[PDB]
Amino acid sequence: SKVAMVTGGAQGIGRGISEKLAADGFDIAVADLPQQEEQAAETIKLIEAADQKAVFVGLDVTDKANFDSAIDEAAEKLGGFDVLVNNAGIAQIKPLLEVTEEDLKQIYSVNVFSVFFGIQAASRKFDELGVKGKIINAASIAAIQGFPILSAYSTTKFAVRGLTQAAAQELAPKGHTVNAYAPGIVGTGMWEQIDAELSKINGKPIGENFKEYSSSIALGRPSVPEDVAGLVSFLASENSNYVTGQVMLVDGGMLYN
C-alpha cells in the first residue's frame, strides 16, 4: 500500500483524513503530540477497520529534528513514504489590538514553521526512497480572506498559502507536488474553542457564534471532517498528479477566490 502521514491525525480533520486515505488504500502514519496517543486510538481503529496498516508517531511539528525522525520512523514502520499531510495546527482568537509577540511567536511556530519543516523532511524522504511524493498542507478560508478577531491565525494561513506556492515551484523539477486544502467552518474542537472564545468577547451564548459564522455557507450546512477528506482524497490520489501550488477551497460555498 502507499504510505501517508497525517499530522494532527489524532482527532478532528486529521482523523477524518486518515480514515478516508485508508479507505483509498493508504497505510497511515498518525502523527500527533505524544500525549495525544490515547486520543489517536480511535483514529487507529478507523484505519484498521478500512483494512490498512496504522501506526502512531509521536511528534511536535514545531521541532524540525522531531519532524525528521517522525518521518523516518513512519517510513520504517510502514515500509514507504508517499504523502505528507501537514494538518497539525492551532487557532487563536483575540482582538488585533490585543495580540502579543508571545502569541505571534507561538502560532507561527505551530502553523508556519512546522510546514517548512514538514516540507523539508518529506522532500528528503521522497528522494531517499527514490519516489515522487505529494505534500498536502492545511490552509483555510482564513488563508483567502483575513478574518477579524482571528488576525494572527489568518496571517499564518496566508503564509501557508504562500509557502504552498513557492515550495511547489522549487520541488516541481524533482516531481514532487505541493497543494493545500482550505476548509470553511468545520465542527471540530478547533471551533468549539473558537466559538467559546468568541462568546467571551461578544457575549453570544455558547454555540451561537458557530451558527452565525455558518449562516453564509451556500450549501446551507456547516462542515464535518468527511467533507474535507473528500478533497484531500483527491489531492493524495493519482488524479491530482498535474495539480500543484494550489490552495483548494472545500467550504460548502463561502469564498470563491
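One rule holds for the numbers: they count along the sequence shown, beginning at 1.
**Student:** Test of understanding: from the entry's C-alpha B-factors, which stretch has the higher mean, 67-75 or 86-94?
**Tutor:** So the stretch with the higher mean C-alpha B-factor is 67-75.
**Student:** Regarding 34-42 and 217-225, which shows the higher C-alpha temperature factor on average in the entry?
**Tutor:** Stretch with the greater average CA B-factor: 34-42.
**Student:** Based on the PDB record, which member of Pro183, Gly118, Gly146, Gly80 exhibits the highest Cα temperature factor?
**Tutor:** Max CA B-factor in the entry, restricted to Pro183, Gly118, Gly146, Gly80: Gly80.
**Student:** Ranking the modelled residues of this chain by C-alpha B-factor as given in the entry, is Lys132 in the lowest, middle or highest third?
**Tutor:** For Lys132, the deposited C-alpha B-factor lands in the highest third.
**Student:** Once the chain's modelled residues are ordered by C-alpha B factor and cut into thirds, is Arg161 in the lowest, middle or highest one?
**Tutor:** Its C-alpha B-factor belongs to the lowest third of this chain's values.
**Student:** Is the Cα B-factor recorded for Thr62 in the lowest, middle or highest third of its chain?
**Tutor:** For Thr62, the deposited C-alpha B-factor lands in the lowest third.
**Student:** Considering only modelled residues of the same chain, in which third does the CA B-factor of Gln106 rank: lowest, middle or highest?
**Tutor:** According to the entry, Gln106 has a C-alpha B-factor in the chain's middle third.
**Student:** If you rank every modelled residue in this chain by C-alpha B factor, which third holds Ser123: lowest, middle or highest?
**Tutor:** Answer is highest: the recorded C-alpha B-factor places it there.
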